[PDB]
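Participant: First the structure, then my questions, so here it is.
There are 2 protein chains.
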Amino acid sequence: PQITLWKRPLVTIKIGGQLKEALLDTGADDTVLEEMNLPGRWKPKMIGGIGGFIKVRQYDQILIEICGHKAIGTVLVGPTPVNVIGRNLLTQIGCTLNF
Amino acid sequence: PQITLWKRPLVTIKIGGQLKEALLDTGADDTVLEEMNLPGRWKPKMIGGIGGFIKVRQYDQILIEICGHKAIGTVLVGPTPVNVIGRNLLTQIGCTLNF
Ligand SMILES: CCOP(=O)(COc1ccc(C[C@H](NC(=O)O[C@H]2CO[C@H]3OCC[C@H]32)[C@H](O)CN(CC(C)C)S(=O)(=O)c2ccc3ncsc3c2)cc1)OCC
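Written as structure tokens, this is what we have:
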């Protein structure tokens with residue numbers, strides 16, 4: 001679909017079997033979700049944002065459905081202000097910017 | 001144009017008579033640029049993301065040219081680690097997400 005930007009581009013995602021709401025974020029290299037329980041191994045990682053760095057749990061090769069489009073990739077879980085879908089998954093569902 | 005997301009969506013902007021590089025960032029409500037002496041009055045503001053908040057100066061009705069497309073709106077100036085073009089200006093140049 002074509003998504004305009006007058007409102008936040010929030011979409012429904014399915015991850016770990018649970019539905020969540022997330023922001024399509026072209027300024028994010030990586031996908032970062034708020035604290036949740038996810039099945040699978042994870043490793044400690046750090047990521048930097050506008051205000052500095054935070055600690056996250058890095059889950060690899062996670063299945064995630066974004067508006068019905070399937071992606072399988074890295075998901076970071078930690079104290080982000082909002083769930084963000086980053087370019088690592090936006091590229092998998094074929095997302096481009098157009099103007 | 002059409003911008004894929006394999007790499008950071010960086011573009012050249014013209015603001016305050018100067019050329020800069022900035023991200024087209026659908027996850028940013030507002031436009032945030034590196035420290036630069038814009039003339040005119042401004043208001044203090046705090047904006048938050050991953051890692052916490054930074055202090056910025058809010059300038060209103062600022063002209064920016066983005067890859068040949070002109071836009072006018074609020075620009076926040078401060079010690080941001082990267083320049084982001086946010087939705088307040090992306091809507092003006094007719095930018096959409098497409099997948
Ligand atoms: C020099 C490198 O420094 P650096 O490595 C990190 O630099 C950066 C810093 C910020 C960005 C853009 C942001 N991306 C992001 O956080 O992505 C992270 C996840 O993926 C990784 O890739 C990029 C970083 C990692 C988002 O697109 C937009 N944010 C909001 C969302 C909801 C979080 S916003 O910026 O907080 C923002 C903007 C306008 C606004 N108006 C009212 S609120 C408000 C908040 C890109 C690179 O370390 C720090 C020293």
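Here the protein sequences come in this chain order: A and B.
For the first sequence, the entry's author numbering assigns the number 1 to the initial residue and increments by one for each residue that follows.
For the second sequence, the entry's author numbering assigns the number 1 to the initial residue and increments by one for each residue that follows.
All C-beta atoms, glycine included, are put in the ideal place defined by N, C-alpha and C.
1) Can you find the residues in the same chain that come closer than 7 Å, C-beta to C-beta, to B/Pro-79, ignoring five residues on each side of it along the sequence?
2) Would DSSP call A/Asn-83 helix, strand or coil?
3) Counting C-beta neighbours from all protein chains within 10 Å, is the total for B/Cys-95 16 or more, i.e. buried, or is it exposed?
4) In its own chain, which residues sit with a C-beta less than 8 Å from the C-beta of B/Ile-72, not counting the 5 before and 5 after it?
5) Per DSSP, B/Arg-57 forms a beta bridge with which residues?
6) What are the residues of the region 47 to 68 of chain B that lie near chain A, defined by any Cβ-Cβ distance shorter than 9 Å?
7) With a cut-off of 8 Å on the beta carbons, I'd call A/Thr-4 and A/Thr-31 a contact; round off their distance for me.
8) Taking 8 Å as the CB-CB cut-off, is A/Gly-27 touching chain B?
9) Is there at least one Cβ from chain B nearer than 8 Å to A/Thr-91's Cβ?
10) Which chain A residues sit within Cβ distance under 9 Å of B/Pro-9?
11) Output the distance between the C-alpha atoms of B/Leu-24 and A/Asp-25, rounded to the nearest integer angstrom.
12) So, A/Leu-89 versus A/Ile-66, is the Cβ gap smaller than 8 Å?
13) Would you say the beta carbon of A/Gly-86 is closer than 7 Å to some non-hydrogen atom of ligand 1?
14) Cutting at 7 Å between CB atoms, please list the residues of its own chain near residue 123 of chain A, excluding the five before and the five after it.
15) Please tell me whether, using a cut-off of 7 Å, the distance from the CB of B/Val-75 to the nearest non-hydrogen atom of ligand 1 is below it.
16) Pull up the distance between the alpha-carbon of A/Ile-13 and that of B/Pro-39, whole angstroms please.
17) When you measure from the CB of B/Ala-71 to every non-hydrogen atom of ligand 1, does any distance come out below 7 Å?
Facilitator: Reading from the atomic positions:
1) Residue 79 of chain B sits at position 79 when you count from the first residue of the second sequence. Residues of the same chain with a CB within less than 7 Å of the CB of B/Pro-79, apart from the 5 flanking positions on each side, are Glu-35, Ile-54 in chain order.
2) Counting from one through the first sequence, the residue named residue 83 of chain A turns up at place 83. In the structure shown, A/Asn-83 sits in coil (DSSP, three-state: anything other than H, G, I, E or B).
3) One-based indexing of the second sequence puts residue 95 of chain B at position 95. For B/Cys-95, the number of other beta carbons within 10 angstroms of its own is at least 16, and it is reported as buried.
4) Taking the first residue of the second sequence as position 1, residue 72 of chain B is located at position 72. Cβ within range, chain order: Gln-61, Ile-62, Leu-63, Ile-64, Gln-92.
5) As a working note, residue 57 of chain B is residue 57 in the second sequence. Listed as beta-bridge partners of B/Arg-57 by DSSP are B/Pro-44, B/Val-77.
6) Taking 9 Å as the Cβ-Cβ cut-off against chain A, the residues of the region 47 to 68 of chain B that qualify are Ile-47, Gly-48, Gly-49, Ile-50, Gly-51, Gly-52, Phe-53, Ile-54, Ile-66, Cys-67.
7) Counting from 1 along the first sequence, the entry for residue 4 of chain A is found at position 4. Counting from 1 along the first sequence, the entry for residue 31 of chain A is found at position 31. Rounded, the Cβ-Cβ distance is 22 Å, inconsistent with contact.
8) For the purposes of this step, residue 27 of chain A is taken as residue 27 along the first sequence, with counting starting at 1. By this cut-off, A/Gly-27 is an interface position.
9) Working through the first sequence from its first residue, we reach residue 91 of chain A at position 91. Yes, contact with chain B.
10) The sequence position of residue 9 of chain B within the second sequence is 9, counting from 1. From the beta-carbon of B/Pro-9, the residues of chain A found nearer than 9 Å are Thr-26, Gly-27, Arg-87, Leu-97.
11) The residue given as residue 24 of chain B occupies position 24 in the second sequence. The residue given as residue 25 of chain A occupies position 25 in the first sequence. If you take the alpha carbons of B/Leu-24 and A/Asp-25, they lie about 10 Å apart.
12) Counted from its first residue, the first sequence places residue 89 of chain A at position 89. Counted from its first residue, the first sequence places residue 66 of chain A at position 66. Result yes, Cβ atoms of A/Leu-89 and A/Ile-66 sit closer than 8 Å.
13) Position 86 of the first sequence holds residue 86 of chain A. Yes.
14) Absent from the structure is residue 123 of chain A, since the part of chain A shown begins at 1 and ends at 99.
15) Residue mapping note: residue 75 of chain B aligns to position 75 of the second sequence, counting from 1. Checking the 7 Å criterion, the Cβ of B/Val-75 is out of range of every heavy atom belonging to ligand 1.
16) Taking the first residue of the first sequence as 1, we reach residue 13 of chain A at position 13. Taking the first residue of the second sequence as 1, we reach residue 39 of chain B at position 39. Going by the C-alpha atoms only, they are around 44 Å apart.
17) As a first step, residue 71 of chain B must be located in the second sequence, where it is residue number 71. No, Cβ of B/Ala-71 sits at least 7 Å from all heavy atoms of ligand 1.
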